[PDB]
Every structure is written in C-alpha cells, then in structure tokens.
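1. Build me a structure from this.
(8 chains)
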Amino acid sequence: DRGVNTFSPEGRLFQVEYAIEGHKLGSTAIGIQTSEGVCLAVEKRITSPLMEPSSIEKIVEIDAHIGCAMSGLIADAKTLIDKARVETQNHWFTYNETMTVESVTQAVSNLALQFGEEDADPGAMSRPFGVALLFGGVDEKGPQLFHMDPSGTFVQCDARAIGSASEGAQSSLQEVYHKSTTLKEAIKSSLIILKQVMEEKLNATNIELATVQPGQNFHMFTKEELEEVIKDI
Amino acid sequence: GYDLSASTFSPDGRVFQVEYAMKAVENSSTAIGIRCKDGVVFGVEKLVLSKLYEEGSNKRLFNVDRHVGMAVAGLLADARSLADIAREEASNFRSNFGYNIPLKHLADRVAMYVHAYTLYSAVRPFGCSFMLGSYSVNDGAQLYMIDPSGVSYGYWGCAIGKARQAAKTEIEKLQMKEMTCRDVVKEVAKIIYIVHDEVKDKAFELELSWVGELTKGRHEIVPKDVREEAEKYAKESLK
Amino acid sequence: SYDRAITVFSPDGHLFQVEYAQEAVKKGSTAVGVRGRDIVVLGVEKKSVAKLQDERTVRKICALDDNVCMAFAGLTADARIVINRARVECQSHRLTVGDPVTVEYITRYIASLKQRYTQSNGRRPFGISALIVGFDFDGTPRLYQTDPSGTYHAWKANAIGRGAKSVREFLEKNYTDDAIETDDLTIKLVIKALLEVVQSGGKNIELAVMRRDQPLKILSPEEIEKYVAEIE
Amino acid sequence: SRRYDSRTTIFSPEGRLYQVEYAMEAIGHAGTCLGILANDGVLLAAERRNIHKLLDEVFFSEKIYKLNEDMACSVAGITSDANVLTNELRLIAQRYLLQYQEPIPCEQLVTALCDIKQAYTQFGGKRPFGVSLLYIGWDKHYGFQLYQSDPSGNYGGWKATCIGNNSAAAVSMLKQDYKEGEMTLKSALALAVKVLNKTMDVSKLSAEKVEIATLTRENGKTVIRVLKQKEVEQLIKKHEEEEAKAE
Amino acid sequence: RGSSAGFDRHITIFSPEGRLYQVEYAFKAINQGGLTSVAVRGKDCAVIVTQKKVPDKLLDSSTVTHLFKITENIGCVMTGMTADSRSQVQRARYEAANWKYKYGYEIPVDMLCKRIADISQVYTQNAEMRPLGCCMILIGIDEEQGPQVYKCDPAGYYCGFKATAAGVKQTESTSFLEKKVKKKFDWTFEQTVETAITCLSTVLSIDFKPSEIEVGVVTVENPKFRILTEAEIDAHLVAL
Amino acid sequence: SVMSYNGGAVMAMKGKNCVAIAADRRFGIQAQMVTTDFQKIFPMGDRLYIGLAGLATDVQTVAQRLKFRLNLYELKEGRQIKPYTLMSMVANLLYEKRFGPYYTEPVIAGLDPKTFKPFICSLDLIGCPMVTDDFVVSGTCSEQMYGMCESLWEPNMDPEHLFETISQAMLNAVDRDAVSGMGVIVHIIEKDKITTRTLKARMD
Amino acid sequence: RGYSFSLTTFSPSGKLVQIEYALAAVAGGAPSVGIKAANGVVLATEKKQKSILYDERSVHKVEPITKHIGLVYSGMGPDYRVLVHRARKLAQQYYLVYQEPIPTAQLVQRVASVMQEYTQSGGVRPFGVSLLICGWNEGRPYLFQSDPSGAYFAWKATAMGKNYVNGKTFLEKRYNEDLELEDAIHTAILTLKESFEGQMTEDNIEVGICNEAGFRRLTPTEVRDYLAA
Amino acid sequence: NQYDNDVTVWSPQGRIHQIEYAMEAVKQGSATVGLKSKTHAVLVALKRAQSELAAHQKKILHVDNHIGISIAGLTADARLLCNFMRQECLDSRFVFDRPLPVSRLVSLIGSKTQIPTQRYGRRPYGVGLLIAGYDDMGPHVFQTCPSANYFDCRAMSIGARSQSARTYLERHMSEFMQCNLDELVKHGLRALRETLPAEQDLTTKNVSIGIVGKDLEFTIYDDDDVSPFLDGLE
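-> Numbers count the residues shown, from 1 in each chain, chains lettered A, B, ... in the order given. The relevant structure is shown in the block below.
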C-alpha cells in the first residue's frame, strides 16, 4: 500500500513507529553509571535445558574501553557492532589515540534512517533496524553510558533500562539510584531489580554481567565470581 | 482512478495532474506585466502575512541575466528551481556563442524543460507560472508567459495570479502601444491597487521593476522616489 | 535493476516474510543430530523412496570440508546455493590463513548471508534451516543450528522439521551422560529418537556418522538395518 | 510504480510460491514424455502434439535437441522457454570443454542449468520458466544416466520416470513392470510402447503420434539415433501381436 | 462491447479484445485544442492552410503560429497539444540535420515521416510514459516524384495522401474533399488554394477575414518553403 | 622475431579431386629441442583440416577457440561447415585482435561436402585470406618450399604422385632449416579415404 | 527510467492471458495466405484502403529482408515495422560474420527469440502480430510462421487474420503436392476471394513470389493479368 | 483518500498532503526563539524534560565561526543538514579565503531541500531550523521550512505552543534594535517563559543560549554559564 518513507497525519514515519514496537518483545537489559565505572546486565532467557547457555552473547566488547549490550533483533545488531569496531580501529590508525564513547554513539546513530528503495545505493537497507543499544566506557572525562534508538536519537544516561519490562524497571531504578553510589551497591541493586522482574530464578547461568572502570579494561564476570556474588547477596 | 499520474489519459483525453498543478497557481496572489514602446514594467502585489518578517523577504522578481527580468506566481521553491535552470541556460549560451541570448530562445528552452515533467510517473509537474521580459536595440521590448504545462506565448500585457479575470479586464482599457514606461509605471500601481482585495488580505507590499532604454537594457528595480510618487498617484486615483 | 522492499515491518513489529519462510521450513523432512564423546552423528528421514529413484542424488547430508558437515530442512534448491557458497568460503579461509576453519566460523558466515537476504532490496528470504557439526583442532565436537532469520545457537542435541515438536520432548527426557558412553549406544539413541516420528515403520532413514578419523562415513542400509533389530 | 507490481517472488501465508505452483500446473497439460534406463543404454519416447496434415517434417525431430556428443533431452510446457534453455545448455557444455579439454558430466550439466532456473524464483521481479526436462547421457564415472528437472529448480536421478499429461498413471504402471538390473534395450522398448499405448486417450498408436530416440556405446563412441517410422511400426505390430495372443 | 480486466484503462497493455484503450484516448486528446488543418497537393505545388483563432486581443499574434519549418524545403503543420507539438518539431529538426550530416544529401519526406512514426511506436509499448497527444502533416518537393504530403498519428501509423484534413471536423471535412477527387485531378494547378479555403469554409461557415488563416507553399519553380503574406492571402480571399 | 621462436613449417598441395597437408614435428625453444611429437594439424571436419604455425601457445589457443565455435555452429545449424565458410570465420576471429594479435599463420585444406571439389587457402596473422590453386606454405623455410613447389608441381595429379611430390618437397625444404625437422607427417584427404603417414627424416 | 517487473504472469490455471490477448488482437487483422509449391512460394494479402483519398503506392505489406527472403504479416503495422527492421539487422550481421546469405530457418529462430524476449522482460507488452516468412536456399523453398509468444512452425499452406478457420478448411481440399507456382497463384487468389465482401482489383491486394532467382512483389500490371482469370 | 501517501500527487485542490504532514511533524518539538538587535543576534531554546534521569539534549549547534543554528523536529535529519552546512562553509573558506554570507548559505540549503519534494519514492526533511549569523551587513535571523521556502525575520519562534511567544514578540518588537545584549537576552527569556505551562518556570538546566555579534564568535552557554542571565527575571 504505502512506501517505506511515508509520514502519517501526525508526521510519525510508520515504519520507524513499528520498528520501535519491535522492542517491547525483547529480554530486559540494564546499565548504571557510577563515579568508579559502569556496569551492564542482561537476562539470557533460556528456552529449553538442551540449549548451551554459553552460546548466548548479548554483551560484546567494542574496544579495550567500550562495551555494548543489545536487545531486539540480535541478527540485526551484528552489522552495527562490526561497523562500530571498524570505526574505532580507523580512529586509532589515523590519530594514534582512543576514540570516545560520544563519538562512537554518534557515528553508529548515523546509520539509522539510511534506508529506502529508489536511488539509494548499489546495496542499501530496505527497512530500519530493530535493535536498541547501550554503550559504556571510560575516556578523558570518566565513565559514561549512552542509549540509542532505531530512529537515530542517542542520549546520555546514568541509569537506563531497555526491554519488555522497562516501564517497571525504571520505576524502581529511579528510587534506587542516587549520585553517591559505589559500583558494588550498583551491582547489588542491578541484580535485585532483575530478580524482581524476571520470570525464572536468578541463578548463575541465565544472566550476564560486565564492568569497565578507570583502572582496568573491559572485563566479563566469571561463573566463579558471579556465583560468589549471587550467593553473597 | 485517473487522477494519480501524469502518464494516464482520462477517458476524454485530459491530464488531471497538470489540471491540479494549475489550480495551485489559480489561487495565488496576483502579478502583472505591461509592454511599452521603450520597455517593459513588472509589478507584483507582495503579501505580508505577519509583522515579524523583514520587508524584502519572499521576493518574486529575479534577475535571470543582465538583460532579462522574471516575475513568478505559485510555489516559490519550484520558482527558484526554474530561476536557476534559466540562469544556467543563459550562461551556457554565452559561453558557447559569445553573445547574449534572445528572449525568444530562452523562453523556448525553459518551456521544453517544464514540459518534460508532464510525461512520466516518476515526477510531477511544476506548480508555478512565470513571466519574462527584456529589451534589445535589435527587437525592442518583449514579454512571454509560461504555464505549468509548458505553453509559451507572446503578449502585450499579462495578469498571472488569482485576480487574473479582473486584472486583464482593466488592463485592456489602456492603449499601451503609445505610452512610455514613466507613464506606464503609474498605471501598473493603479491597476494593482484596484485589483487588490482589502478584506481577506489586510496589508500588502508593492515592488516594481523595469527594463528598457532608460536603463540601457539592464534589468533593474524601480527607484524609491518613483515608487512613492506612483503610490500616491494610485491612491488619489482610487478615491 | 529491481529495487523494492519485499520484507518490511508490520503493525506489532513482525516480519511477515520471515514468518512465512519459517512456516515453509516447518514442512520438510525431520532431521536429528547429537554430540557424542568422540563421535558426531546426524540423521534424516525419507518421506518416500518411490522404488525407482537413485538415492545417490537426493542426499540431504553434504560435506563442506574435511571436518565439517551439515544437513538441512526446507527447500533443496536454496540449500544447494548456501552449501556451495560455504564451500568457496572454506577454501578462501584455508588459502589466506593456512589452517582449516572452525565450526563457529562457518556458522557465522552462513548466518550473515541469511540475515543479509532479509534487509536487501528486491530479494526474498531463504527457506531452509541447517544443522552444522564437526570437530576442531583441539578435538572438541560441536553442533550448531541456524534459522531463516540469521540467528544461531549451540546445542547438546536438536531436531528440525516437522515432528520436531515431539522429537525434542523425547530427546530432552532421554538425553543423559549414560547413553553417551559409546558410539553404538548414541547411534541407537538417535535411531529410537527418529523412529517414533517415522510412522511408516522400519528404516526410511539416512544416517551419517563423523568421527575424528574416517570423516563423513555413511552407514550402509544393511548396517543401519542391524541396529533396528537390536533395539527391538 | 508500486500500483502495477505483481510480486512474483514472495512467500504465501502458508510458505508457498504461487507462481511456481501455477507453472507446475501449466506443465501438467503438455504432451506425454517418458524415459527408461537399461543395461546397454537409455531411451526417450515423446508424443507428437501437432498432427495437422498441412505441416512439414523438415527437422530430424520435434522434442529431442541433441545437446552434446554424449547427451540429449526433451521438454514439456512452453516451447519458447524451452529454446532459451537449450541454447544455454549448449553454451555451458562448450565452456566446460574449453576449460578442461574433456566432455562434461551429466550431473554437472543438470546442476548448472538448475542454478539458472532457481535464480528466477528469488530475485529480479520476472516470472519463471514453465518447462520440465528429461536428460539422458553417458560419462566416464557412472555410465548411462537419466535425470529430471522442474520449474522450481530441483532435480533427481531416476530409472524410469515420466512427465506431462497422465504421468501419474504412467509412473503407476511403470512401477509394476520394471525390474532392476535385468532389463535390456528390447524389453525397454516393449514396455515403453505398451505404456504409451495406454496413457494416450486415443484408440491405438499411429507410428506418427510418437517419437523415439535411443543412446548406446559402440566402439568407444556414443551414438544418438532417432528411430524411424518403419521401425516404430514394426514395434507396434509386435505389441499388437503378443497382446492379442494372450487374450 | 469490449470488456476490461485488470489495468487495461491505465497502461498500454492488451484488453480482452486486443484494443489498447490508452491509445484510443490520445486520439480524443487531439480534439482538445479546437482547430482544424487541411493539406492539398497539386500537379506542381503543395499547400497548407490552418485556422488562426486567437482567444482575445492582448496576445502578440505574430507568435501564435501552427506552421513550422523543418529544413529549407520541408514544412509542417501541427494539431493537438501545443507543448507536445513543439517537442515533436524539435525532434524532426534534429533528425533532418543528422541525416544530412551522415549521408551527404537532404532527407526525403517519407524517410522523415517514418522516423517520427517509429519514435512514437515506442511510447505505445513501454508503460512508464504516455503517448504524445498531437498529429502531424508534412509537405515537400521530391526531386524524383515531385510534391508529397504525409501524415503521422499518435499510434505510429504514417500513410501518404492525395489530400488530407486533421482536427475537430475531420470526418465531414474529408467527406467534402471526397467529392472533388472525381475529375480534373482536384484542380491540379497553382490555384488549389481555392480548393483548400473552400473546403475549410464549407463546414465552418466563417468566410474568413484576411487574417484568420495561415497558408504555406512549396513549388517546383521555387522549392523552398514560403509563408504567404496577408496581402497575398487577402487577394485570394477577395476573389472568392 | 616472435614467429621464429618455436620454429615450424606447414604445407598444402592440391591434386585432381584430392588435397594433401603436411607439417614437421619438432617442438623446441630458441636453440634447444624439447620433444619431437608436437601436433600442428587439427581435424576440423570429416574432410576438413587446419594447420597452424608460429608461436606454440597461440597455436594451441586458436585451435581451442576454433573448436569451440565450430561445435556451436554445427549444433545450431544441423550440418557440417564448408571450407569457404570456415576460412571467413577464422579471419573474423583473427581480426578481432587486430591490435595485439596472435602470432600464428593458418592453412586450410578440405573437400567440398557435395561436389568433392578441393580447396586450399592461407591467412596472414591479421586475417587476410588468399586462395590459390597450386599450393600454400607457411613457416620458417617458406622460401625453400617455394623453390621446391614451383619446380616440382604439376596439374591434375593422382594421390600417389601428390604424396610423392609433397613429401619430396618437405624433406629437402627442412633439410636446410636449422629450427625445423625431426620428422614429417602427411595427411592425404581423398574422397572416401584419409591416409596418414610418417616419413623418415634427419635428427640433427 | 523504466519498470523492472514483468507484466505477463501465470494464472491459477497456468495460462498467460497477455499472450492470449495479443493473439485475440492478431485474430482481428486482415487476411493473409501462403502456399508452397514445387518450385516456389506465394504470399497474398488484402490491402484494402479506407477511402479513395489514401495514396496506395506509399505503404506496402509484403517486404523483403534479403535477396532471397520476404515476409507478410497480420495484426499491427507499427509493430510489424519494428520486427522488419530488426530482421534486416540480423541478416546483415550473419552475412558480416560468415560471408554467406543467412538461411530461412536461422532467420526465423532469431526473430522468434526477440519476440520471446518481449514476453518476460520488465515493463513491456508482447507484440500484436504474427508473421509469414518465405525463402529459398540450397534448391528448396521454405515457409514458416511465427506467433506472438515466440513459437514457430513449418507449413505447406496456411492462413492468418480474419476467417482463418474457413481459410484453412478450404485450403486443405485443393492443395496438391505436385502444384506448379503459376497454378498455385490461382488457388491463393481464390482463397482470398472467398471472404472479401467487395470486388477484386489490382490495388485491393498485394502478392509476392519467391523462386530460384530471388524475392519480388508482383506489379499491378501483372496482378491484372492474374486476376483476369 | 488516495492522495495522502505519495509526495508526487496533487489533490483536487492543488495541495501536497505529504509536505503538510511533514510540517505537522515539526510542530511536535519544543519551542525556540530568536531575535536580533543593532549588533547582536541571539538564540534561546528550551531543552525538553525527557525523563527523571537523562541529560536533556543538544538543540544548538555550531556551524562556523559566525553561524549557528537551533533545531526542532527529527534530530537525525537535523544533523544530516548540519553536516552539509558545515561542508559548505569549509569549502567556501578553502576556495576564496573568506567567510560565507548567511544569505547564500540559506539559498544553498533551500535548493537542496526542494529536490526530494518532487521525485517518486522520496520524502521531505522533517525538521525546521533557525539560523543566526554575522557578516558585513549585520545580523540575520533566517528561518526554514520542510517545504523548501525560507523567510527573513526580525524575530521568530518555532515549536509547539509558540503562538504565545509570537504574540509577545510582535507586541514588544518596537525596542529590539536599540536594546543592549543583556536587555536583548532577557527579552528572549521572557518570551520563552511564555510558552511554558503554569506549573513550571525557567530553572538553570533546561535552557540554552547562543550569541553571535560584531566582535564575538558564536558561543553556547552551558548549564551554569546561563546563571548571569536568569538572575533578574522576577
């Protein structure tokens, strides 16, 4: 009936309005920014006990100081991840220094809306992407956490939650968060809310957690340390 | 189902897309032109919507070349596109042949360009009509008018706009073949003030231009003293 | 050049073309694969053999490399294209890096292709699902599974096609480190896992095994016949 | 424009491809063609569809199309598409010979054609070819073979197949009279004649409503020879005799 | 009468009768302008006459012409849509110049006609564009045959004539000219202007003034295409 | 020169309802022999052969492209090609590469498929066809075989005398060339027979 | 810049109705007739002008392609002209490569390939015309027919246009295999005469022949003598 | 009900519903305000309250040393336009070794924006702008529209509920010329205070301020750099 580019009586871009609805059917993720680093955490949502749980990777590493956590169409997110990696490596090659979380979020947001079906390119996209992202990292100003939408609007947050239970996850994050946290209380509360909202039982193989801090690199939690933390809680 | 494309004849042999791009013009504010012995005189009733804008915004008189004027009516963005095309046509002509382009040739070139947008489904016809005008010691004054369909005729006085009916009716009682620009300018001011509606539209701006022998063949804008006097005369005549 | 958006979003964020491709792959013949201790095995069902074919030409179990093999469900004509592109990719990797591929490398390549055909202009999606098995240089067996959307996982054991809805429930309950001890134990496991979905009775099945040696060995009809008798 | 597009290459609400489903039904009503494999060679036997008296038999055949020094085919469906496909097959065989200086194998030929048939169902906006083929041949590795393609683009080796009209009953009766390994060329001809005699609605054959080709190896050379009207008439007489004698 | 199925009346595809309705509509578009032309060829001359109805008296009527010059010895008269006809005249001029450049001599009238006709046949086949809604008539002197008169149409059909008539009153304006090719070779002498003017006036009842027509001429004595002056036209009109 | 880099010598002669073509066997590089069984004559048809001389790589390439095109032609038309038609096709093939050409000079000899009338012809590197009525030569000893053929040739010869003359000419021609020899093969294309022979030559 | 999707597609029963409709268009042209004799072929058409104003000499329906091939048509003239032009180009290319005159069968195959290309490309309709080709090569006369789909045949006597059913029903009876070219002309003319609704004249019809010496269309002075009997 | 989908279809009234809808998109955004005096031009924007935890936005961007803009609408399209304007100014300085006149910049912007509105399978830029610059001829406050025509104005406000700011502006335009910079900026903040509902007053982190003038480059004022301007609004 319509084309892909078609405003509505409210100027809304139907296809983007649908790609946004494609996100309320994903598994919840959570990021939180502290004065000592950032932490990301996402539910794995295992289907049946025959599926290997070490094969669900929803928190990848963009560079030695930036990590990403996605939700939506994990098949779509991979081109974005690849292009972000390539851009960071190009910036290193040219300027002999590390890129910034702001610049990476901005360069990735410029691929959104670049779709169409006539006089676009030799091989071009035919629809918008269906993935929301969450970047974290440290740079010359400290820990930062950004958020990206399929429309191409990126913001800077300190505690954001994306997914199918976010309208309930933020209602607790806004009460829990304060400007005087430490990363440890951050991790504890980020686990408590997950447990609060999930459908299964929060054990040490159906979740994921990583952290970046001014001293170290991007580091993923182990089934040893993770288990200890869960048990400790 | 025949109203949606410029590649579909109606069962009676019409093209409704061009017929609609013509309504687009048939409800825009009026502009007139008058040919004289010595030269041409353009006049447009420029509408001021709100106080906020500076006077001088949304000009409808351009300079296509150093001897060609141009007055427009309709969608101003399409009009500016056409003005760039015409500037392009005149410059290429001078670079190819070494002298200035005749108005007859320019109008023919721009009308062909406009007509090319009336055949295909991938584009839509322009929504603006316009008038040209020049003066050359060879052929004297001239005046043309191109439609959204691409037809271009020569005239003695034209009245594109919304008040074309009342404009043309009053301009025919003029005897322009003997007057001169100084004697025409006043008449353009008077007829525009007459045709102007002062109910729907409350305030309007008036700008004039001319190209003739007194400007040595260069298109210009009417100086401010001449304009003030013209406005006063028009007001006195109106009662 | 044809440049139209064939697969686009819908109200409630669905991709109807991908959903239809999956509804198509839900009609093929069932395939089953498990991961053994030192062996890997697959198994496909034959709807009818028609008493007049040459089975050498209708095999649904190929060999992409020395240590990788696959088996599909869906549309044979699309499967053939995917398989040949994967073969050319294996050869390119060997040439450039001087080492045989990993199973996950080729799974990623296939899934990237399948996803690219969901966002390009003037194309429809592929209508097949694949199960990829093999061994690596470490000596660790693997078993993966792709989808017409471009998503892939790693599994202990799985089943695709029609009847997988019951093959999975059977295999879930019966899979244990005890039926895994030996090859003639896991093979009977696979056989009885396939048989309750084959409602014809007997052997209408093709079964290929791949060990760290004598790659892509395919069991003969007589040999497969012997195992059926043993189960009963 | 989008208004006039017909969307030939999309999925159906149940996973079907409607243009291919309709081309198969087109191929459903064509003339009957049948093939049979034996110990010493293969054979094709088609049915002549245009029987008008005022025609001309200038060509050595109507539906044979020798593709190479070792292969040959036969079509059912649309002649106009069949011509394109036959030209393409000849070009593929010659390119193979130019690159390797050996003749091409039959499975490689069939595969290279079915790729082209498949690329018409996935992108481009065109419609697909409405043609089914049968092939016969001989190569170094597997000897006498017999294949079959279809509009979707998938093939398969056989021993006695049949496409066209009433091919269902043709295959049904083929299943009960074919015995693997013991069939010679003469028993093959007998079975082919006696199947064609029934699966055609006419009263009895005419030796000009049929068209028969064989393939053999003789003195290290392949020979592809279309049978003649007298030979066909003799075969029909033989069929008439034995059948009559039984009852 | 002729049924429809699908997009028949919107694009150039066959109807259940094989009729191409979208081309029968350009013929109706021809009758939109409201003019009429008449061409007559004689033993040594070809003549064109054209109605000249200007709407009201502010136009510079020295620019409202339906007569055009293609080369020195070829002339033309259009009927239908104005901008379409301008584009067709430009195309004919370019074709006529390219022929001379390529082959060293001047293009014949029938060759030019066939070129224009096959250019229009393409608009009748592809679906993204529309046919041009205009007719064309050509005249000229062939060094081998003599006078020639040809006519195209939006469908691509380009027959040749003894005396044509195109426009709104085509049927009756040809029914009149039918009766007069009986004898005397339709007055085959330089005064077929009389025949043309009479045929144009008989079914219009105007008895035109000295300036509501245009006439053009080619002769064997002078081959170039000339446009006769008002005085010359008036003298013929006066004689009538 | 490039066309003197592998050596070679081809020759064709016409008789009374019979043709004959001959070549030498040596394959070598500038001044050193490699093998002695190089093939320079190709059976394009039932009674239609072609002989190529010059650069050996281009001999092989042109033979293979020609076989390509001739197979396609005989499959599309439905009959065999004529000697005159084959010559035009080869000239077209060679002229397609007018700038950057193959270094090979072909020779054609056949029999008319319905009148059994002989035909000989040679082409230059760029595709210029010259048809004669006595004989053609090509190679590095062209002048030597010119001198031999002009003296020994007679009109309306039998196949026996034709064989004797072409052999006696090739022998003495290549006995005075440094980069040709190692034996000679002779094909005799009669109406219903094609006889092949190998002569005993010098091996130095 | 052009459509890329097909306009001819399959129907729930496997038909191609655009081609069926191009055939319905052909069934409404003017009658054509061809008859192959022992030493030549004959093409005969109905060239009936609308009124006396039309100059008959200017346009022809029987055209040559080379010195030994000629064809006629039924259907649409503006399409027939495109086909004639491309056939002439095809023959010239063949002669350029092989320095031999093209045979009639190769000519028909290439023309039918073009007509088939116009059934499967993007944004076009099929031709609304069928052809009747004539030729003579290697001591034999040929006569083919090409359809709007791209399928060609070979005949001894056929008929196109309006009233083709009765045309071939009448044509079957008289046809002899020993028929000379001069006595075949009478039958061709007579067949046309069965459905003419008028009076035959030297300008109502066109006639072309082809024998050992080449193709040529008869002149009205000769059509007069042939019509006298 | 069949003319409201494509940008190349006229209605029986000679209108383009697609271009209209793309304008109704621009009205969704938060209000902005610009105005100019004898020697300075000023932009002031209202950063919208997105949520209880996120840093608000970027609504004013540098284009060059003398030009700055402020957007309302689709931010992706806005920065796509900003990149083109930046390249235009850079190209100018490379070829002629001088700055660009704001008028010629806006000419280029309009000519680029118009092309999409005419072809098949394309859509208009859904973003309105407000440009401010300094040149030889003084300040400039141009404004652009999704339909490519642009305007020139003494003072203009775009966004949702900007009708009240426009009324205040015209009612007080009588003194903008003579007024000083401090006076000029406050006139802007009052006008921007007009569009806010009753429950909210300007704070110190939901406003931005841009300034360009005679002896001063384009500058943006941060969260607590706007404190010297909001001290008097009683």
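2. Look up how far residue F:85 lies from the one residue sitting closest to the centre of chain F.
-> Nearest to the mean C-alpha position of chain F, by Cα atoms, centre = their mean, lies residue F:51 at 2.9 Å. For residue F:51, the distance to residue F:85 equals 18 Å [Cβ to Cβ, to the nearest Å]. C-beta coordinates here come from the backbone N, C-alpha and C atoms, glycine included.
3. do residue E:33 as well
-> 59 Å.
4. Equivalent analysis for residue A:168, please.
-> Counting by Cβ to Cβ, the gap from residue A:168 to residue F:85 is 85 Å.
5. swap in residue E:21?
-> 50 Å.
6. okay, those two: which has more neighbours?
-> Legend: neighbour count by other Cβ atoms under 10 Å in any protein chain shown for residue E:21 and residue F:85, higher for residue E:21 (19 against 16).
7. before we move on, what SS does the closest residue in space to that one that isn't next to it in sequence have?
-> In this structure, residue E:21 finds its nearest non-sequential neighbour in residue E:9, 5.1 Å apart by Cβ to Cβ, 6 or more residues apart in numbering or on different chains. The three-state label given to residue E:9 by DSSP: H, G, I helix; E, B strand; the rest coil is coil.
8. How much space separates residue E:9 from residue E:122?
-> Per Cβ to Cβ, residue E:9 is found 21 Å from residue E:122.
9. Can you name the residue of chain G nearest chain H?
-> Closest to chain H within chain G is residue G:1: 10.8 Å, counting by Cβ to the nearest Cβ.
10. swap that for chain A, sorry
-> Closest point on chain A to chain H, by Cβ to the nearest Cβ, is residue A:11, at 2.6 Å.
11. Number of residues surrounding residue 207?
-> Since you didn't name a chain, this refers to chain A. Neighbours of residue A:207 using other Cβ under 10 Å come to 21.
12. think we crossed wires, I meant chain H
-> Residues near residue H:207, counting by other Cβ under 10 Å: 21.
13. Can you tell me the closest non-neighbouring residue to it?
-> Nearest non-adjacent residue to residue H:207, counting by Cβ to Cβ, 6+ apart: residue H:226, 5.8 Å away.
14. Is the one you found in contact with residue H:206, as I believe?
-> No - counting by Cβ atoms under 8 Å, residue H:226 stays clear of residue H:206, with 9.9 Å between them.
15. Burial check on residue 122, number of neighbours?
-> By default, I'm working from chain A. Residue A:122 is flanked by 7 other residues according to other Cβ under 10 Å.
16. that's the other chain; I wanted chain F
-> 22.
17. mind checking how far stretch F:132-146 is from the chain centre?
-> Distance of stretch F:132-146 from the chain centroid (Cα atoms, centre = their mean, to the nearest Å) equals 10 Å.
18. and what of stretch B:225-236?
-> Worked out by Cα atoms, centre = their mean, stretch B:225-236 lies 22 Å from the chain centre.
19. Outside of that stretch itself, list whatever touches it.
-> B:182, B:185, B:186, B:188, B:189, B:190, B:192, B:193, B:206, B:208, B:222 (Cβ atoms under 8 Å, 6 or more residues apart in numbering or on different chains).
20. buried ones in that stretch?
-> B:226, B:227, B:230, B:231, B:233, B:234 (16 or more other Cβ atoms under 10 Å in any protein chain shown).
21. give me the element the second one is part of.
-> With secondary structure defined by DSSP states H and E, residue B:227 is part of helix B:224-238.
22. List the buried residues in stretch H:204-220.
-> Applying 16+ other Cβ under 10 Å to stretch H:204-220 flags H:206, H:207, H:208, H:209, H:210, H:211, H:212, H:213, H:218, H:220 as buried.
23. would you say the third one is within a helix?
-> No - Residue H:208 sits outside any helix when classified using three-state DSSP, being strand.
24. what secondary structure does residue D:75 sit in?
-> Strictly by three-state DSSP, residue D:75 counts as strand.
25. my guess is it meets residue D:82, correct?
-> Yes - look at residue D:75 against residue D:82 with Cβ under 8 Å: they come within range, at 4.1 Å.
26. who touches both of those two?
-> residue D:131.
27. between the two, which one's more packed in?
-> Comparing residue D:75 with residue D:82 by neighbour count (other Cβ under 10 Å), the higher total belongs to residue D:75, at 26 against 22.
28. Can you tell me how far that one is from chain E?
-> Distance of residue D:75 to chain E, computed by Cβ to the nearest Cβ, to the nearest Å: 27 Å.
29. Name all residues that make contact with the residue in chain B positioned nearest to chain C.
-> The minimum distance from chain B to chain C, using Cβ to the nearest Cβ, falls at residue B:122 (12.9 Å). Shown in contact with residue B:122 (Cβ under 8 Å, 6+ apart): E:128, G:1, H:8, H:119, H:120.
30. The fourth one contacts residue B:123, doesn't it?
-> So the one you mean is residue H:119. Yes - between residue H:119 and residue B:123 there is a contact under Cβ under 8 Å: 6.2 Å.
31. which stretches of the chain form strands?
-> Because you didn't say which chain, this covers chain A. With strands called from DSSP state E, chain A shows them at A:29-33, A:38-43, A:59-63, A:66-69, A:71-72, A:131-139, A:142-148, A:154-157, A:159-162, A:207-212, A:219-220.
32. Correction: the question concerned chain H.
-> Using DSSP E, the strands of chain H run over H:32-36, H:40-46, H:60-62, H:67-70, H:72-73, H:127-133, H:143-144, H:155-156, H:207-213, H:216-221.
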